[PDB]
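Chemist: The amino acid sequence is not available; the structure is as follows:
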DNA sequence: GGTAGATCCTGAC
DNA sequence: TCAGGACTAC
Ligand SMILES: [Zn+2]
């Protein structure tokens, strides 16, 4: 899931778990647990805590309990569901939080790429994976000025810059390619080669593209098909190690 | 320090 | 054979 989907999860999951008290935590793929490194310590500390809130930072979910916060990233295919402890688990369920009311919060992930970190609330923001996280793309903290500062200071491509979590929080591949197309900028351009006008325009399209989503694709996954704006075949290459889609006519 | 590289894991080739 | 987000060593 991408940022907009993660926000939808935050909104819809919260009422389904708020005020419930953890009675058990069951872990079927320990690699997912990143802190405490010992999955048994992870499970033990959460027991007896009540869910008080659920926040999002970038593509991370932050479950707020009594003492601790649980920081969760779903990566490509992770998913949460709330269901009865009386029913069989779905395939690829790797972590389960059991509540005193007989319901469960279940984490599934076919690829097993997702991560979980637990810390005392007051420490969560200054430890990985939240430490160093850039500003929310939809917040005043993410400004053309901030983007300009990072752009001028690097030798990397503009695509690499946008993919960097320290630059802006949770801006995914699909939105990078769509934003660059909408801003008329080739993904392979050196970030420092962008004019102030290009930076401004890119910031604007980033906010609009992801803003629209949180509430129709031009290039992403459209290789070999005609550009919706000029009819030129969309091309796909690799930029910053990622599948990268662009129109060689609309983007410069 | 900035930056590439390595890394996980398995469905779809 | 390999893409895909967010500690190590060049
Ligand atoms: Zn075009």
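Modeler: Nice, thanks for sending it over. Residues are numbered from 1 along each chain as shown, chains lettered A, B, ... in the order given.

Chemist: Tell me the buried residues in stretch A:45-57?
Modeler: A:45-46, A:49, A:51, A:54, A:56-57 (16 or more other C-beta atoms under 10 Å). From N, CA and C alone the C-beta is placed, and that goes for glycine too.

Chemist: Could you grab the helix/strand/coil label for residue A:142?
Modeler: The three-state label given to residue A:142 by DSSP: H, G, I helix; E, B strand; the rest coil is coil.

Chemist: Tell me how many other residues surround it.
Modeler: Residue A:142 is flanked by 20 other residues according to other C-beta atoms under 10 Å.

Chemist: Apart from its neighbours in sequence, what residue is nearest it?
Modeler: residue A:135 (4.2 Å; C-beta to C-beta, 6 or more residues apart in numbering).

Chemist: so what's the one you found up against?
Modeler: Neighbour list for residue A:135: A:141-142, A:146, A:168-169 [criterion: C-beta atoms under 8 Å, 6 or more residues apart in numbering].

Chemist: Output these as a markdown table; include the columns distance to residue A:221.
Modeler: Putting the contacts of residue A:135 into a markdown table (distance: C-beta to C-beta, whole Å) gives the following:
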| residue | distance to residue A:221 |
| --- | --- |
| A:141 | 31 |
| A:142 | 26 |
| A:146 | 29 |
| A:168 | 22 |
| A:169 | 24 |
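
Chemist: what does chain A put close to the ion?
Modeler: For chain A, the contact set with the ion under C-beta under 5 Å from the ion comprises A:227, A:229-230, A:232, A:247, A:249-250.

Chemist: Quick check: helices, which of the buried residues of stretch A:45-57 are part of them?
Modeler: Counting by DSSP state H, these place A:45-46 in helices.

Chemist: Tell me which two of the buried residues of stretch A:45-57 sit farthest apart.
Modeler: A:45 and A:56 (22.5 Å; C-beta to C-beta).

Chemist: Tell me the one among the residues of chain A next to the ion nearest to residue A:205.
Modeler: Closest to residue A:205, out of all of those and judged by C-beta to C-beta, is residue A:250, at 12.4 Å.

Chemist: Is stretch A:115-132 in proximity to DNA strand C?
Modeler: Yes: remark: stretch A:115-132 sits within contact range of DNA strand C at A:128-129, by C-beta under 7 Å from any atom of the strand.

Chemist: wait, stretch A:56-64
Modeler: Yes: with C-beta under 7 Å from any atom of the strand as the measure, stretch A:56-64 is seen reaching DNA strand C through A:58-60.

Chemist: Settle this for me: residue A:236 is touching residue A:242, isn't it.
Modeler: No: Residue A:236 lies out of contact with residue A:242 (C-beta atoms under 8 Å); the separation is 10.6 Å.

Chemist: Just the strands from the stretch 101-250 of chain A, written as ranges.
Modeler: A:103-108, A:115-120, A:235-239, A:242-246 (DSSP state E, counting those that start in this stretch).

Chemist: closest to residue A:197 out of these?
Modeler: strand A:242-246 (19.4 Å).
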